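Notes follow once the structure below has been shown.
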Amino acid sequence: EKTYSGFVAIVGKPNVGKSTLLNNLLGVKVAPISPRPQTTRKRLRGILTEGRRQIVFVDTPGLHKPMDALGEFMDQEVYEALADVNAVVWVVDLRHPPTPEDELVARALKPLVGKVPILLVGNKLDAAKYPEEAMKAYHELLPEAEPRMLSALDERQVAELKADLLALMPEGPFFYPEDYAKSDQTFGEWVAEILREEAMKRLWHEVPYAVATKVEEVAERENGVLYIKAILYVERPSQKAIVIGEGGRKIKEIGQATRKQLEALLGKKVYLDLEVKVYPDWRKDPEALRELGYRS
Ligand SMILES: Nc1nc2c(ncn2[C@@H]2O[C@H](COP(=O)(O)OP(=O)(O)NP(=O)(O)O)[C@@H](O)[C@H]2O)c(=O)[nH]1
Ligand SMILES: [Mg+2]
């Protein structure tokens with residue numbers, strides 16, 4: 001009879017496991033993940049429907065001090081993610097004590113204390129040496145939050161968190177139909193993000209942060225083969241050379257890894273063509289940002 005529905009923002013500094021947590025809460029990979037401290041750049045909605053209850057999760061960019069136009073967009077994305085939700089999941093890395101970036105998040109959540117439930121989720125319990133001490137320090141930054149320690153990779157602990165969040169949703173009609181996709185994004189966007197993820201993990205120094213991607217063509221082909229053409233943009237000529245690599249070895253590595261992940265997630269054959277292009281300092285180009293989808 002009755003139905004419950006709400007939004008849950010997932011926030012925290014970069015690299016704590018926010019996107020990993022979302023994918024595991026949903027049971028399907030919808031968000032890019034990488035070991036680099038600036039992977040997510042735009043809010044991403046993950047739709048969880050369980051029985052008569054629905055949660056629209058909002059993954060967000062890691063909170064940080066903006067350095068350029070892209071950073072400003074990202075900062076605005078976090079701010080807007082926190083404007084109207086029914087609960088907030090603040091993810092922290094239990095492997096170390098709070099950093100100034102974590103304190104930045106605690107500060108951003110103060111106005112929500114007492115207004116919306118805040119769950120302080122300590123992540124990476126599996127790799128933390130001093131989980132308890134770390135968790136205690138994080139909690140002192142926002143005493144009002146409900147603390148818990150887990151690994152976003154642990155099925156049982158994540159399922160427990162999911163149950164606790166569903167019980168917090170207010171009565172109301174579902175925001176999305178119960179048969180809606182697991183995330184609110186186009187197939188093209190999802191593919192471009194998978195490619196960016198594989199690129200970021202295989203590039204170093206400043207290059208990962210200069211990478212943007214876009215799918216320009218998707219089409220049925222060959223013998224049940226899905227054809228995909230995508231562009232990997234960089235900000236400068238020296239980066240293009242490095243992404244391509246000696247004899248095109250680097251871009252081939254990236255392309256192969258992306259094709260294989262795509263085939264494993266889609267369960268079908270994929271033929272992927274990649275082209276590397278320079279989009280002149282696009283992170284500072286308002287027009288470029290709009291073309292690339294970082295619009296607002
Ligand atoms: N050992 C361990 N690693 C984890 C866990 N959860 C996430 N990670 C790792 O932490 C890194 C960052 O995870 P990710 O989900 O991209 O973090 P994020 O908070 O979304 N980063 P950003 O804000 O930049 O988008 C990845 O290498 C990921 O595999 C966990 O429970 N245990
Ligand atoms: Mg992320």
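Numbering starts at 1 and runs along the sequence shown. Side chains are part of it too, since the values below use all heavy atoms of this structure and drop only hydrogens, waters and symmetry mates.
- Both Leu266 and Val218 are members of a single hydrophobic cluster when ILVMFWY side chains are connected at heavy-atom separations under 4.5 Å.
- Using a 3.5 Å distance cut-off with no hydrogens or angles, the side chains of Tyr271 and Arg221 do not pair a donor with an acceptor.
- Minimum interatomic distance between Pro98 and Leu141 (heavy atoms only, all atoms of both residues): CB-CD1, 3.9 Å.
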Under 3.5 Å, which donor-acceptor pairs link side chains of residues 115-122 to any protein atom two or more places apart or in another chain?
none

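- If you take OG1 on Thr213 and CE on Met200, they are separated by 10.5 Å, rounding to the nearest 0.5 Å.
- Residue-environment remark: CD (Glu220) exceeds the threshold of 12 foreign heavy atoms within 6.0 Å.
- Nearest approach of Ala181 to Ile47, heavy atoms of both residues: O-CB, 3.8 Å.
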(message) Could you go through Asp68 and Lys284, starting from their C-alpha distance and side-chain angles, then the distance that decides it, and tell me whether this counts as salt bridge (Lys or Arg N to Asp or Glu O under 4.0 Å)?
(response) CA-CA 6 Å; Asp68 57 19; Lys284 292 186 178 184; over 6 Å; no
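- Side-chain atoms of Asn24 do not come within 3.5 Å of backbone N or O of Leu153 as any donor-acceptor pair.
- Proximity of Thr60 to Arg43: side-chain heavy atoms (C-beta onward) are separated by under 4.5 Å at one or more points.
- Side-chain contact between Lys250 and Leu203 is present, with heavy atoms from C-beta onward closer than 4.5 Å.
- Side-chain atoms of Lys42 come within 3.5 Å of backbone atoms of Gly293 as a donor-acceptor pair (strictly under, hydrogens ignored).
- The existence of a salt bridge linking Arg41 and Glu77 is excluded, since no basic side-chain nitrogen approaches an acidic carboxylate oxygen closer than 4.0 Å.
- Hydrophobic cluster membership differs between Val278 and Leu289, with clusters built from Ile, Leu, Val, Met, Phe, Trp and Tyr side chains linked at under 4.5 angstrom.
- Side-chain contact check for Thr39 versus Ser19: every heavy-atom pair is 4.5 Å or farther apart.
- A salt bridge (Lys or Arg N to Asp or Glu O under 4.0 Å) with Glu253 is found for one member of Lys260, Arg259, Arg202 and no other, namely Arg202.
- Within 6.0 Å of OH on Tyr79 lie no more than 12 heavy atoms contributed by other residues, nucleotides or ligands.
- Between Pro37 and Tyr209, some side-chain heavy-atom pair lies under the 4.5 Å cut-off.
- Linking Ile, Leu, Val, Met, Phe, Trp and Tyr whenever their side-chain heavy atoms come within less than 4.5 Å puts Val91 and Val8 in one cluster.
- Contact detail for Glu291 and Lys214: the closest heavy-atom pair is O-NZ, 3.6 Å.
- Dense packing is recorded around NZ of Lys229, with more than 12 heavy atoms of other residues, nucleotides or ligands lying under 6.0 Å away.
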(request) Tell me, with the steps shown, if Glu263 and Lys269 meet side-chain contact (heavy atoms from CB on, under 4.5 Å). (result) CA-CA 6 Å; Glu263 298 190 328; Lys269 292 184 182 179; 4.1 Å; yes
(message) Determine whether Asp102 and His96 satisfy the following criterion, side-chain contact (heavy atoms from CB on, under 4.5 Å), listing intermediate values before the conclusion.
(response) CA-CA 11 Å; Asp102 294 300; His96 56 70; 4.2 Å; yes
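- When atom types are taken as modelled, the side chain of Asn123 and the backbone of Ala152 share a donor-acceptor pair closer than 3.5 angstrom.
- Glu101 contributes no side-chain N or O that, together with a main-chain N or O of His64, makes up a donor-acceptor pair within less than 3.5 Å.
- Surrounding CZ of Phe187 are more than 12 heavy atoms belonging to other residues, nucleotides or ligands, all under 6.0 Å away.
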(message) Applying side-chain contact (heavy atoms from CB on, under 4.5 Å) to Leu125 and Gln157, what does each step give before you reach the verdict?
(response) CA-CA 11 Å; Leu125 176 55; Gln157 297 176 312; 3.9 Å; yes
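- When all heavy atoms are compared, the tightest approach of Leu232 to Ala199 is CD1-CB, 4.1 Å.
- In this structure, the side chains of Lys29 and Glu197 come closer than 4.5 Å at one or more pairs of heavy atoms.
- Using a 4.5 Å cut-off on side-chain heavy atoms (C-beta onward), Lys13 and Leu104 make no contact.
- In this structure, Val211 and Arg196 approach most closely via the heavy-atom pair O-CD, 3.7 Å.
- A distance of 9.0 Å separates NE2 in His139 from CH2 in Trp90, rounded to the nearest 0.5 Å.
- How far CD1 of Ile55 is from CZ of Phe7: 11.5 Å, rounded to the nearest 0.5 Å.
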(request) Would you sort out whether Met135 and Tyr138 count as a side-chain contact (heavy atoms from CB on, under 4.5 Å), showing the intermediate values? (result) CA-CA 5 Å; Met135 186 64 268; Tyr138 283 113; 3.8 Å; yes
Hey, can you pull the donor-acceptor pairs under 3.5 Å for the side chains in residues 164-179, sequence neighbours left out?
residue, atom, partner, partner atom, Å
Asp164, OD2, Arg148, NH1, 3.0
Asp164, OD2, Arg148, NH2, 2.8
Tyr176, OH, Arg45, NH1, 3.0
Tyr176, OH, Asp184, OD2, 2.6
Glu178, OE1, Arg52, NH2, 3.2

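- Between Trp282 and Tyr294, the angle of the ring planes stays under 30°, which puts this pair in the parallel group of the 30/60° scheme.
- If you run side-chain contact (heavy atoms from CB on, under 4.5 Å) between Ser183 and each of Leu26, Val30, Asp59, only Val30 comes through.
- Side-chain contact between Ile231 and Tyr279 is absent, with no heavy-atom pair separated by less than 4.5 Å.
- Residues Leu48 and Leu25 have side chains not in contact (no heavy-atom distance under 4.5 Å, counting atoms from C-beta outward).
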